[PDB]
$ cat model_9.txt   # compact mmCIF, C-alpha atoms and all ligand atoms
# COMPACT_ATOMS: atom_id res chain seq x y z
CA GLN A 127 79.58 112.91 84.22
CA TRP A 128 81.56 113.51 81.02
CA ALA A 129 80.98 113.77 77.28
CA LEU A 130 83.00 114.83 74.21
CA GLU A 131 81.06 118.11 73.87
CA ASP A 132 82.65 119.12 77.23
CA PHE A 133 86.11 119.44 75.56
CA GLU A 134 87.90 121.46 72.88
CA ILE A 135 90.32 119.23 70.96
CA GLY A 136 93.87 120.31 70.09
CA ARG A 137 96.79 118.80 68.21
CA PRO A 138 97.74 115.13 68.45
CA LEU A 139 100.20 114.29 71.26
CA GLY A 140 100.87 110.67 70.33
CA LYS A 141 99.68 107.53 68.58
CA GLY A 142 98.75 104.35 70.47
CA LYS A 143 97.84 100.99 68.93
CA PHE A 144 94.10 101.35 69.65
CA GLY A 145 93.91 105.12 69.01
CA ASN A 146 95.41 108.59 69.34
CA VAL A 147 95.96 110.99 72.22
CA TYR A 148 95.01 114.63 71.73
CA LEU A 149 95.67 117.78 73.72
CA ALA A 150 92.34 119.08 75.05
CA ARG A 151 90.79 121.71 77.28
CA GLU A 152 87.74 121.15 79.48
CA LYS A 153 85.34 123.92 78.42
CA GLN A 154 84.00 125.27 81.74
CA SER A 155 87.11 124.81 83.92
CA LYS A 156 89.60 125.57 81.08
CA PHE A 157 91.66 122.67 82.46
CA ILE A 158 94.33 121.50 80.02
CA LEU A 159 94.66 117.72 79.77
CA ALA A 160 95.21 114.84 77.36
CA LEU A 161 92.49 112.70 75.83
CA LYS A 162 93.04 109.17 74.48
CA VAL A 163 90.54 107.91 71.92
CA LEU A 164 89.89 104.16 71.62
CA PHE A 165 87.64 102.54 69.01
CA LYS A 166 85.19 99.97 70.43
CA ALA A 167 84.91 97.75 67.34
CA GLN A 168 88.71 97.83 67.08
CA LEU A 169 88.91 96.83 70.77
CA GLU A 170 86.60 93.84 70.21
CA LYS A 171 88.52 92.88 67.03
CA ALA A 172 91.47 92.11 69.37
CA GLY A 173 89.34 91.08 72.39
CA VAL A 174 90.58 93.37 75.19
CA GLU A 175 87.42 95.03 76.59
CA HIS A 176 87.93 93.46 80.02
CA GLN A 177 91.71 93.47 79.83
CA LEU A 178 91.40 97.26 79.57
CA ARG A 179 88.49 97.60 82.02
CA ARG A 180 90.34 96.13 85.00
CA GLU A 181 93.34 98.18 83.86
CA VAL A 182 91.39 101.47 84.10
CA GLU A 183 89.87 100.58 87.48
CA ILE A 184 93.43 100.13 88.80
CA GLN A 185 95.21 103.38 87.88
CA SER A 186 92.28 105.54 89.00
CA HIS A 187 93.42 104.55 92.52
CA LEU A 188 97.07 105.39 91.65
CA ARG A 189 98.22 108.87 92.68
CA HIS A 190 101.92 109.71 92.53
CA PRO A 191 103.79 112.59 90.87
CA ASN A 192 106.01 110.23 88.84
CA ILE A 193 103.00 108.36 87.40
CA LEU A 194 100.80 109.87 84.70
CA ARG A 195 97.40 110.51 86.26
CA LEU A 196 94.08 109.12 85.01
CA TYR A 197 91.40 111.65 85.93
CA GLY A 198 88.48 109.73 84.44
CA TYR A 199 86.90 108.07 81.42
CA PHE A 200 83.71 107.96 79.38
CA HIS A 201 82.29 106.44 76.18
CA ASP A 202 79.74 106.78 73.39
CA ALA A 203 78.21 104.66 70.60
CA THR A 204 81.51 104.05 68.77
CA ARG A 205 84.48 105.01 71.00
CA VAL A 206 85.96 105.12 74.51
CA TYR A 207 87.80 108.15 75.90
CA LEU A 208 90.39 108.35 78.67
CA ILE A 209 91.02 111.65 80.45
CA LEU A 210 94.76 111.98 81.09
CA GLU A 211 97.31 114.26 82.68
CA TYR A 212 99.01 116.50 80.08
CA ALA A 213 102.81 116.19 80.13
CA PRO A 214 104.18 119.33 78.44
CA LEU A 215 107.82 118.30 77.89
CA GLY A 216 107.06 115.15 75.88
CA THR A 217 108.58 111.66 75.88
CA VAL A 218 111.95 110.57 77.20
CA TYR A 219 112.42 108.60 73.98
CA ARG A 220 112.34 111.89 72.08
CA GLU A 221 114.78 113.51 74.49
CA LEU A 222 117.15 110.54 74.21
CA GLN A 223 117.05 110.78 70.39
CA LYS A 224 117.91 114.49 70.43
CA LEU A 225 120.67 114.01 73.02
CA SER A 226 121.92 110.54 71.86
CA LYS A 227 122.64 109.65 75.52
CA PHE A 228 122.09 111.10 79.00
CA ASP A 229 124.71 112.15 81.53
CA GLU A 230 124.94 110.40 84.93
CA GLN A 231 123.06 113.11 86.89
CA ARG A 232 120.08 112.92 84.52
CA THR A 233 120.15 109.10 84.43
CA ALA A 234 120.45 108.74 88.22
CA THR A 235 117.62 111.25 88.68
CA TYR A 236 115.24 109.45 86.30
CA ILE A 237 116.11 106.09 87.92
CA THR A 238 115.35 107.51 91.38
CA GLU A 239 112.06 108.95 90.09
CA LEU A 240 111.16 105.58 88.59
CA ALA A 241 112.21 103.64 91.69
CA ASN A 242 109.96 105.90 93.79
CA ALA A 243 107.00 105.30 91.47
CA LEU A 244 107.54 101.52 91.65
CA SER A 245 108.01 101.58 95.44
CA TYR A 246 104.66 103.37 95.66
CA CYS A 247 103.09 100.78 93.37
CA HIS A 248 104.57 97.82 95.25
CA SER A 249 103.42 99.26 98.57
CA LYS A 250 99.89 99.23 97.09
CA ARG A 251 100.37 95.67 95.73
CA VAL A 252 100.60 96.91 92.13
CA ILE A 253 103.42 95.54 90.00
CA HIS A 254 104.56 96.71 86.57
CA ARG A 255 105.75 94.86 83.46
CA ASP A 256 108.32 96.21 80.92
CA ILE A 257 108.89 99.99 80.78
CA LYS A 258 109.96 101.59 77.50
CA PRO A 259 111.37 105.11 76.94
CA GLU A 260 108.38 105.65 74.60
CA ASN A 261 106.10 105.38 77.66
CA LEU A 262 107.98 107.86 79.85
CA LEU A 263 106.71 111.43 79.67
CA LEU A 264 108.02 114.64 81.19
CA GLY A 265 106.07 116.99 83.44
CA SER A 266 106.42 120.77 83.47
CA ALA A 267 109.41 120.79 85.84
CA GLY A 268 111.17 118.01 83.90
CA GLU A 269 109.84 115.29 86.20
CA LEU A 270 109.54 111.80 84.79
CA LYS A 271 106.04 110.28 84.46
CA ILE A 272 105.26 106.60 83.82
CA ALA A 273 102.47 106.17 81.27
CA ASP A 274 101.34 102.73 80.01
CA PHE A 275 98.79 99.88 80.54
CA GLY A 276 100.21 97.32 83.02
CA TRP A 277 99.98 97.34 86.07
CA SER A 278 98.83 94.02 87.57
CA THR A 292 110.19 93.64 70.53
CA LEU A 293 111.77 91.79 73.49
CA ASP A 294 114.39 94.45 74.22
CA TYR A 295 112.80 95.34 77.60
CA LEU A 296 111.46 91.96 78.80
CA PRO A 297 113.35 90.01 81.48
CA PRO A 298 114.56 86.40 81.02
CA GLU A 299 111.85 84.92 83.27
CA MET A 300 109.07 86.38 81.08
CA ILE A 301 110.54 85.32 77.72
CA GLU A 302 111.50 81.85 79.06
CA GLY A 303 107.93 81.28 80.36
CA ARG A 304 108.50 81.16 84.14
CA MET A 305 106.87 83.00 87.07
CA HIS A 306 106.72 86.76 86.47
CA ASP A 307 107.08 88.73 89.71
CA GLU A 308 107.83 92.06 91.47
CA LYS A 309 111.46 91.48 90.46
CA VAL A 310 110.60 92.24 86.80
CA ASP A 311 110.62 95.94 87.72
CA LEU A 312 114.22 95.84 88.81
CA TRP A 313 115.21 94.28 85.47
CA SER A 314 113.46 97.18 83.77
CA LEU A 315 115.51 99.70 85.75
CA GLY A 316 118.68 97.89 84.68
CA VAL A 317 117.79 98.07 80.99
CA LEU A 318 116.70 101.71 81.20
CA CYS A 319 119.72 102.75 83.22
CA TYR A 320 121.86 101.13 80.55
CA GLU A 321 119.92 102.70 77.66
CA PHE A 322 120.02 106.18 79.20
CA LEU A 323 123.83 106.10 79.45
CA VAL A 324 124.66 104.21 76.23
CA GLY A 325 121.84 105.34 73.92
CA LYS A 326 120.58 101.84 73.05
CA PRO A 327 119.34 98.83 75.03
CA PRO A 328 121.82 96.22 76.23
CA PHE A 329 120.55 93.15 74.32
CA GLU A 330 119.87 94.84 70.97
CA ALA A 331 120.33 92.46 68.04
CA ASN A 332 119.38 92.35 64.35
CA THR A 333 116.96 89.46 64.96
CA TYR A 334 114.28 88.65 67.54
CA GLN A 335 115.73 85.16 67.81
CA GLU A 336 119.09 86.68 68.80
CA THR A 337 117.67 89.30 71.15
CA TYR A 338 115.80 86.46 72.85
CA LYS A 339 119.02 84.44 73.10
CA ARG A 340 121.05 87.35 74.42
CA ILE A 341 118.47 88.22 77.08
CA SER A 342 118.24 84.63 78.27
CA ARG A 343 122.03 84.59 78.81
CA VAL A 344 122.20 88.17 80.04
CA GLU A 345 124.85 88.50 77.32
CA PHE A 346 125.74 92.19 77.11
CA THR A 347 128.77 94.52 77.35
CA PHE A 348 129.56 98.12 78.37
CA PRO A 349 131.19 100.85 76.32
CA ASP A 350 134.48 101.98 77.84
CA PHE A 351 132.98 105.27 79.04
CA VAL A 352 130.43 103.65 81.40
CA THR A 353 131.74 104.26 84.93
CA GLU A 354 132.11 101.43 87.45
CA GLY A 355 129.43 102.87 89.72
CA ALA A 356 127.01 102.42 86.80
CA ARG A 357 128.42 99.02 85.83
CA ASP A 358 127.81 97.82 89.39
CA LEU A 359 124.18 98.93 89.56
CA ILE A 360 123.29 97.69 86.09
CA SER A 361 125.03 94.34 86.62
CA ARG A 362 123.20 93.92 89.94
CA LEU A 363 119.80 94.71 88.42
CA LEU A 364 120.30 92.47 85.36
CA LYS A 365 121.01 89.27 87.34
CA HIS A 366 119.30 86.31 85.69
CA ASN A 367 117.96 85.03 89.00
CA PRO A 368 115.13 87.41 89.98
CA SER A 369 115.71 86.93 93.73
CA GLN A 370 119.34 88.11 93.45
CA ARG A 371 118.27 91.49 92.08
CA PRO A 372 118.50 94.18 94.78
CA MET A 373 115.46 95.67 96.53
CA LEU A 374 114.11 99.04 95.36
CA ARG A 375 115.35 100.52 98.64
CA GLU A 376 118.86 99.25 97.82
CA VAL A 377 118.72 100.98 94.43
CA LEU A 378 117.64 104.32 95.89
CA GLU A 379 120.45 103.96 98.45
CA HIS A 380 123.03 102.70 95.88
CA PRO A 381 126.17 104.93 96.11
CA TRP A 382 126.24 105.88 92.41
CA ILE A 383 122.54 106.86 92.64
CA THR A 384 122.98 109.08 95.71
CA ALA A 385 126.23 110.48 94.27
CA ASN A 386 124.53 111.74 91.10
CA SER A 387 120.79 112.10 91.78
CA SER A 388 118.95 115.31 92.71
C1 LIG B 1 95.88 106.57 82.32
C2 LIG B 1 97.25 105.97 81.95
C3 LIG B 1 97.57 105.96 80.44
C4 LIG B 1 96.59 105.83 79.43
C5 LIG B 1 96.96 105.83 78.09
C6 LIG B 1 98.31 105.95 77.76
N1 LIG B 1 98.78 105.92 76.45
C7 LIG B 1 99.31 106.96 75.83
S1 LIG B 1 99.51 108.52 76.33
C8 LIG B 1 100.18 109.27 75.12
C9 LIG B 1 100.58 110.58 74.91
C10 LIG B 1 100.70 111.69 75.91
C11 LIG B 1 99.97 111.78 77.13
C12 LIG B 1 100.17 112.88 77.95
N2 LIG B 1 101.03 113.84 77.60
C13 LIG B 1 101.74 113.82 76.47
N3 LIG B 1 102.62 114.92 76.25
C14 LIG B 1 103.38 115.19 75.07
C15 LIG B 1 103.96 114.25 74.26
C16 LIG B 1 104.71 114.63 73.15
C17 LIG B 1 104.88 115.98 72.84
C18 LIG B 1 105.71 116.41 71.62
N4 LIG B 1 105.92 117.66 71.19
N5 LIG B 1 106.70 117.60 70.09
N6 LIG B 1 106.98 116.32 69.85
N7 LIG B 1 106.37 115.59 70.79
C19 LIG B 1 104.32 116.93 73.66
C20 LIG B 1 103.58 116.55 74.76
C21 LIG B 1 101.58 112.74 75.60
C22 LIG B 1 100.37 108.25 73.97
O1 LIG B 1 100.86 108.48 72.88
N8 LIG B 1 99.82 106.82 74.45
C23 LIG B 1 99.82 105.61 73.66
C24 LIG B 1 99.28 106.05 78.75
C25 LIG B 1 98.92 106.06 80.09
$ encode --input "model_9.txt" --output "structure tokens"
Amino acid sequence: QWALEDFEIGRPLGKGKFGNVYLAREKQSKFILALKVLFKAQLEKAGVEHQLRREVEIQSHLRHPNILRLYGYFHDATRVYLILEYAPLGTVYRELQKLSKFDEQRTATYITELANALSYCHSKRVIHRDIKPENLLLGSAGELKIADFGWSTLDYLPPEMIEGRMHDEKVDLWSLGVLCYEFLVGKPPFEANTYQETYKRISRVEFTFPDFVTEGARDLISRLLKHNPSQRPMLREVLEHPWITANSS
């Protein structure tokens, strides 16, 4: 179906580990989109051809406004290209750097938008690992969009994953706890100056709140960051959580 000659290439929109993403326009439709380039030799150097292949097959079937859409993909002699949804307003990480921290309305809105994306995924038996601000993009109306590779620094990993126990649907809820914290405070809850320490602090769920963090927020974050996965509240319970409904659009 596709080839590189079918597109005009624009400025870079981001740098991945295996290649860059560029703004691009499909020539006949004039459809604006994003295009991720991936080097094949570089892929085989780290042996992830069929880690990535299953990954692509998955998110083709995923359609949700709070998830970045994969329209299609193609290849050539040297590279592999992914056709992506263009997200005009950029990354949340960038927004959080400009603003230092987010207010409660913004935070609660993003959390709701995330929770809805994950509910959709879980309903289709798709689970997600750690979610970083770097991998959250913004659509044209300011809507949050999840963009990364999985889909089924430690700062975002839950205790069960770093301790080498059964990963599970409940990982997602840990991620919401960390993000909700980071949105309000401006840095993640178990940030340390060493990996060894960050590991240790995550395993103990050893973290504290700045004075300004309201008790509604404290409650939600404390409930999501429970060490026992099964004690973390359901996604429905998050969306219903008083502080969420009180602040979210
Ligand atoms: C199919 C799912 C998927 C595939 C590859 C992915 N990896 C990506 S995507 C990506 C960049 C990207 C994708 C879609 N839209 C944008 N929009 C955008 C970002 C920044 C700015 C900006 N302006 N000024 N400063 N920053 C403007 C627009 C960026 C990326 O970097 N990786 C690794 C993620 C998901």
$ residues_near_ligand --input "model_9.txt" --ligand "ligand LIG 1 (chain B)" --cutoff "8 Å" --atoms "all atoms listed in the file" --output "JSON, numbers by chain"
{"A": [139, 140, 141, 142, 143, 145, 146, 147, 148, 149, 159, 160, 161, 162, 182, 185, 186, 194, 195, 196, 197, 208, 209, 210, 211, 212, 213, 214, 215, 216, 217, 220, 261, 263, 264, 272, 273, 274, 275]}
$ closest_residue --input "model_9.txt" --among "A:316, A:346, A:250, A:144" --to "residue 174 of chain A" --atoms "all atoms listed in the file"
A:144
$ residues_around --input "model_9.txt" --residues "residue 269 of chain A" --least-positions-apart "4" --cutoff "9 Å" --atoms "only C-alpha atoms" --output "list in words"
residues 191, 192, 236, 239, 263, 264 and 265 of chain A
$ axis_aligned_box --input "model_9.txt" --around "segment 209-222 of chain A" --padding-each-side "6 Å" --output "lines of an AutoDock Vina configuration file"
center_x = 104.1
center_y = 114.0
center_z = 77.4
size_x = 38.1
size_y = 22.7
size_z = 22.6
$ residues_around --input "model_9.txt" --residues "segment 301-304 of chain A" --least-positions-apart "3" --cutoff "10 Å" --atoms "all atoms listed in the file" --output "list in words"
residues 293, 296, 297, 298, 307, 338, 339, 341 and 342 of chain A
$ closest_residue --input "model_9.txt" --among "A:232, A:166, A:201, A:251" --to "residue 187 of chain A" --atoms "only C-alpha atoms"
A:251
$ closest_residue --input "model_9.txt" --among "A:253, A:240, A:383, A:323" --to "residue 351 of chain A" --atoms "all atoms listed in the file"
A:323
$ residues_around --input "model_9.txt" --residues "residue 206 of chain A" --least-positions-apart "6" --cutoff "8 Å" --atoms "all atoms listed in the file" --output "PyMOL selection string"
chain A and resi 163-166+199-200
$ atom_distance --input "model_9.txt" --atom1 "atom CA of residue 319 of chain A" --atom2 "atom CA of residue 305 of chain A"
23.9 Å
$ closest_atom_pairs --input "model_9.txt" --of "segment 302-321 of chain A" --to "segment 353-356 of chain A" --cutoff "12 Å" --atoms "only C-alpha atoms" --output "JSON lines"
{"residue": "A:315", "atom": "CA", "partner": "A:356", "partner_atom": "CA", "distance": 11.9}
{"residue": "A:316", "atom": "CA", "partner": "A:356", "partner_atom": "CA", "distance": 9.7}
{"residue": "A:317", "atom": "CA", "partner": "A:356", "partner_atom": "CA", "distance": 11.7}
{"residue": "A:318", "atom": "CA", "partner": "A:356", "partner_atom": "CA", "distance": 11.8}
{"residue": "A:319", "atom": "CA", "partner": "A:356", "partner_atom": "CA", "distance": 8.1}
{"residue": "A:320", "atom": "CA", "partner": "A:356", "partner_atom": "CA", "distance": 8.2}
{"residue": "A:321", "atom": "CA", "partner": "A:356", "partner_atom": "CA", "distance": 11.6}
$ decode --input "model_9.txt" --residues "segment 225-338 of chain A" --atoms "C-alpha atoms" --output "PDB file, in the first residue's frame"
ATOM      1  CA  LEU A 225       4.463  25.095  34.135  1.00  0.00           C
ATOM      2  CA  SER A 226       6.564  23.381  36.890  1.00  0.00           C
ATOM      3  CA  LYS A 227       3.366  21.705  38.180  1.00  0.00           C
ATOM      4  CA  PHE A 228      -0.297  21.312  37.187  1.00  0.00           C
ATOM      5  CA  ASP A 229      -3.365  22.518  39.067  1.00  0.00           C
ATOM      6  CA  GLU A 230      -5.954  20.017  40.349  1.00  0.00           C
ATOM      7  CA  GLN A 231      -8.446  20.526  37.478  1.00  0.00           C
ATOM      8  CA  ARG A 232      -5.774  19.773  34.872  1.00  0.00           C
ATOM      9  CA  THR A 233      -4.400  16.810  36.851  1.00  0.00           C
ATOM     10  CA  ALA A 234      -7.839  15.300  37.527  1.00  0.00           C
ATOM     11  CA  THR A 235      -8.739  15.737  33.850  1.00  0.00           C
ATOM     12  CA  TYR A 236      -5.594  14.003  32.568  1.00  0.00           C
ATOM     13  CA  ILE A 237      -6.071  11.182  35.112  1.00  0.00           C
ATOM     14  CA  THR A 238      -9.664  10.679  33.945  1.00  0.00           C
ATOM     15  CA  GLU A 239      -8.516  10.674  30.311  1.00  0.00           C
ATOM     16  CA  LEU A 240      -5.842   8.108  31.143  1.00  0.00           C
ATOM     17  CA  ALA A 241      -8.211   5.962  33.217  1.00  0.00           C
ATOM     18  CA  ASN A 242     -10.624   5.884  30.262  1.00  0.00           C
ATOM     19  CA  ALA A 243      -7.862   4.796  27.882  1.00  0.00           C
ATOM     20  CA  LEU A 244      -6.809   2.005  30.270  1.00  0.00           C
ATOM     21  CA  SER A 245     -10.418   0.903  30.872  1.00  0.00           C
ATOM     22  CA  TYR A 246     -10.782   0.604  27.096  1.00  0.00           C
ATOM     23  CA  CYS A 247      -7.550  -1.389  26.910  1.00  0.00           C
ATOM     24  CA  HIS A 248      -8.489  -3.692  29.797  1.00  0.00           C
ATOM     25  CA  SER A 249     -11.920  -4.315  28.280  1.00  0.00           C
ATOM     26  CA  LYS A 250     -10.048  -5.540  25.165  1.00  0.00           C
ATOM     27  CA  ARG A 251      -7.631  -7.634  27.299  1.00  0.00           C
ATOM     28  CA  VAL A 252      -4.740  -5.226  26.651  1.00  0.00           C
ATOM     29  CA  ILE A 253      -2.675  -4.155  29.646  1.00  0.00           C
ATOM     30  CA  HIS A 254      -0.042  -1.429  29.824  1.00  0.00           C
ATOM     31  CA  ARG A 255       3.326  -1.181  31.596  1.00  0.00           C
ATOM     32  CA  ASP A 256       4.878   2.066  32.974  1.00  0.00           C
ATOM     33  CA  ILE A 257       3.638   5.396  31.544  1.00  0.00           C
ATOM     34  CA  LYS A 258       5.996   8.382  31.465  1.00  0.00           C
ATOM     35  CA  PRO A 259       5.124  12.064  30.863  1.00  0.00           C
ATOM     36  CA  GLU A 260       7.515  11.874  27.879  1.00  0.00           C
ATOM     37  CA  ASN A 261       5.078   9.431  26.234  1.00  0.00           C
ATOM     38  CA  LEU A 262       1.932  11.520  26.727  1.00  0.00           C
ATOM     39  CA  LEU A 263       1.055  13.790  23.821  1.00  0.00           C
ATOM     40  CA  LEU A 264      -1.628  16.423  23.419  1.00  0.00           C
ATOM     41  CA  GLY A 265      -4.259  16.515  20.685  1.00  0.00           C
ATOM     42  CA  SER A 266      -5.631  19.673  19.079  1.00  0.00           C
ATOM     43  CA  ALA A 267      -8.246  20.292  21.789  1.00  0.00           C
ATOM     44  CA  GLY A 268      -5.727  19.663  24.588  1.00  0.00           C
ATOM     45  CA  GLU A 269      -6.758  16.022  24.956  1.00  0.00           C
ATOM     46  CA  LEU A 270      -4.212  13.616  26.379  1.00  0.00           C
ATOM     47  CA  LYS A 271      -2.917  10.812  24.118  1.00  0.00           C
ATOM     48  CA  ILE A 272      -0.959   7.744  25.266  1.00  0.00           C
ATOM     49  CA  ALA A 273       1.940   6.962  22.926  1.00  0.00           C
ATOM     50  CA  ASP A 274       4.439   4.135  23.619  1.00  0.00           C
ATOM     51  CA  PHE A 275       5.268   0.440  22.897  1.00  0.00           C
ATOM     52  CA  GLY A 276       3.646  -1.794  25.566  1.00  0.00           C
ATOM     53  CA  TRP A 277       0.832  -2.997  25.534  1.00  0.00           C
ATOM     54  CA  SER A 278       0.732  -6.732  26.319  1.00  0.00           C
ATOM     55  CA  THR A 292      15.166   4.714  35.261  1.00  0.00           C
ATOM     56  CA  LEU A 293      12.831   2.955  37.732  1.00  0.00           C
ATOM     57  CA  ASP A 294      10.886   6.087  38.691  1.00  0.00           C
ATOM     58  CA  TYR A 295       7.653   4.779  37.074  1.00  0.00           C
ATOM     59  CA  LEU A 296       7.868   1.014  37.703  1.00  0.00           C
ATOM     60  CA  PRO A 297       5.790  -0.580  40.474  1.00  0.00           C
ATOM     61  CA  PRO A 298       7.285  -2.684  43.316  1.00  0.00           C
ATOM     62  CA  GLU A 299       6.069  -6.001  41.863  1.00  0.00           C
ATOM     63  CA  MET A 300       7.984  -5.407  38.598  1.00  0.00           C
ATOM     64  CA  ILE A 301      11.269  -4.308  40.199  1.00  0.00           C
ATOM     65  CA  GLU A 302      11.078  -7.072  42.861  1.00  0.00           C
ATOM     66  CA  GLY A 303      10.547  -9.750  40.154  1.00  0.00           C
ATOM     67  CA  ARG A 304       6.999 -10.935  40.939  1.00  0.00           C
ATOM     68  CA  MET A 305       3.867 -11.338  38.777  1.00  0.00           C
ATOM     69  CA  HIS A 306       3.155  -8.213  36.710  1.00  0.00           C
ATOM     70  CA  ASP A 307      -0.578  -7.653  36.213  1.00  0.00           C
ATOM     71  CA  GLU A 308      -3.450  -5.285  35.282  1.00  0.00           C
ATOM     72  CA  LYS A 309      -2.810  -3.598  38.649  1.00  0.00           C
ATOM     73  CA  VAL A 310       0.452  -2.093  37.301  1.00  0.00           C
ATOM     74  CA  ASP A 311      -1.666   0.514  35.499  1.00  0.00           C
ATOM     75  CA  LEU A 312      -3.133   1.810  38.721  1.00  0.00           C
ATOM     76  CA  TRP A 313       0.364   2.270  40.154  1.00  0.00           C
ATOM     77  CA  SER A 314       1.198   4.322  37.081  1.00  0.00           C
ATOM     78  CA  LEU A 315      -1.786   6.614  37.695  1.00  0.00           C
ATOM     79  CA  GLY A 316      -0.598   7.119  41.273  1.00  0.00           C
ATOM     80  CA  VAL A 317       2.894   8.165  40.187  1.00  0.00           C
ATOM     81  CA  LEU A 318       1.597  10.434  37.424  1.00  0.00           C
ATOM     82  CA  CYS A 319      -1.040  12.006  39.621  1.00  0.00           C
ATOM     83  CA  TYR A 320       1.702  12.747  42.118  1.00  0.00           C
ATOM     84  CA  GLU A 321       4.113  14.081  39.489  1.00  0.00           C
ATOM     85  CA  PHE A 322       1.485  16.330  37.905  1.00  0.00           C
ATOM     86  CA  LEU A 323       0.764  18.045  41.241  1.00  0.00           C
ATOM     87  CA  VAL A 324       4.287  18.121  42.714  1.00  0.00           C
ATOM     88  CA  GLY A 325       6.438  18.471  39.576  1.00  0.00           C
ATOM     89  CA  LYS A 326       8.609  15.406  40.212  1.00  0.00           C
ATOM     90  CA  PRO A 327       7.964  11.688  40.779  1.00  0.00           C
ATOM     91  CA  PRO A 328       7.399  10.400  44.313  1.00  0.00           C
ATOM     92  CA  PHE A 329      10.396   8.039  44.653  1.00  0.00           C
ATOM     93  CA  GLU A 330      13.031  10.261  43.014  1.00  0.00           C
ATOM     94  CA  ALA A 331      16.509   9.656  44.434  1.00  0.00           C
ATOM     95  CA  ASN A 332      20.100  10.447  43.455  1.00  0.00           C
ATOM     96  CA  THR A 333      20.846   6.751  42.867  1.00  0.00           C
ATOM     97  CA  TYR A 334      19.092   3.859  41.123  1.00  0.00           C
ATOM     98  CA  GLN A 335      19.839   1.703  44.158  1.00  0.00           C
ATOM     99  CA  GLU A 336      17.945   4.197  46.341  1.00  0.00           C
ATOM    100  CA  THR A 337      15.056   4.721  43.930  1.00  0.00           C
ATOM    101  CA  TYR A 338      14.701   0.939  43.856  1.00  0.00           C
TER     102      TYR A 338
END
